[PDB]
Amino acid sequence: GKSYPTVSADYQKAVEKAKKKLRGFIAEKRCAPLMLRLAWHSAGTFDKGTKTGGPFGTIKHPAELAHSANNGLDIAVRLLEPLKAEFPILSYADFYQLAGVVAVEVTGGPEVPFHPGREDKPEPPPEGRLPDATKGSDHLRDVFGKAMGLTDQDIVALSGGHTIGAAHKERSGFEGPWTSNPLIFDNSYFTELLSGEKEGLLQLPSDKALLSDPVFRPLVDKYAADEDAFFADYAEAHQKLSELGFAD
């Protein structure tokens, strides 16, 4: 239920130019997964009951980067600082979410609609709102549902974001890619999740929780059979996540 704010023509021109520069930079640096993870951890702190947190640029604060769930995301902030400085008119909030949208696009994923106008806010949210990889469906619903206000369909679709990238034992402690093609955005996360553990590939307990839940599991089966349907629901869910607490 969104009402997007008006931004000047110069702001809109800067979005379009930054989008292109982000494509080139993210593709060349091979950091699309990290950038997706930065945008998601930015937005995923939203609490709908208090309207605190969410995608309002606070993740660049050292206080929020120190959160253990954000281990490694200081690399992302640093990687983007030279480009952000070329687009001073843009908020950090818009810039990081635009980077997440581009991360998905440049790895072959759906084109997530983007609307500008997030304002940078000065206080990071409390630590502890991001999901815990060792937990299961109840915990997923607590975080995405009770806090962020996303649907069970969004949970499954957004979990397929793991179709790009890898864990790092020096960041979370988990290690390895979810897929055999970690810079390619496709439905492979779901086909691997269904096939069992393969050697070399990662499954978190929070991934496996999707297989045993009666609402999540049919979605997993849908996305593994129908990549177009995964792309549609993913684009819906990403857009919602990127706009949590914004333009309501």
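Note that residue numbering follows the sequence shown and begins at 1.
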{"property": "145-153 versus 162-170 - which carries the larger mean C-alpha B factor in the record", "result": "145-153"}
{"property": "Stretch with the higher entry mean CA B-factor, where the candidates are 179-187 and 205-213", "result": "205-213"}
{"property": "C-alpha B-factor winner, where the candidates are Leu73, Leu80, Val106, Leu98", "result": "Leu73"}
{"property": "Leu130 CA temperature factor, ranked by third within the chain", "result": "highest"}
{"property": "Ranked against its chain, the third holding the CA B-factor of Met35", "result": "lowest"}
{"property": "B-factor third for the C-alpha atom of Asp47 within its chain", "result": "highest"}
{"property": "Cα B factor band for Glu64 (lowest, middle or highest third within the chain)", "result": "highest"}
{"property": "Entry-reported Cα temperature factor of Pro110, expressed as the chain third it lands in", "result": "lowest"}
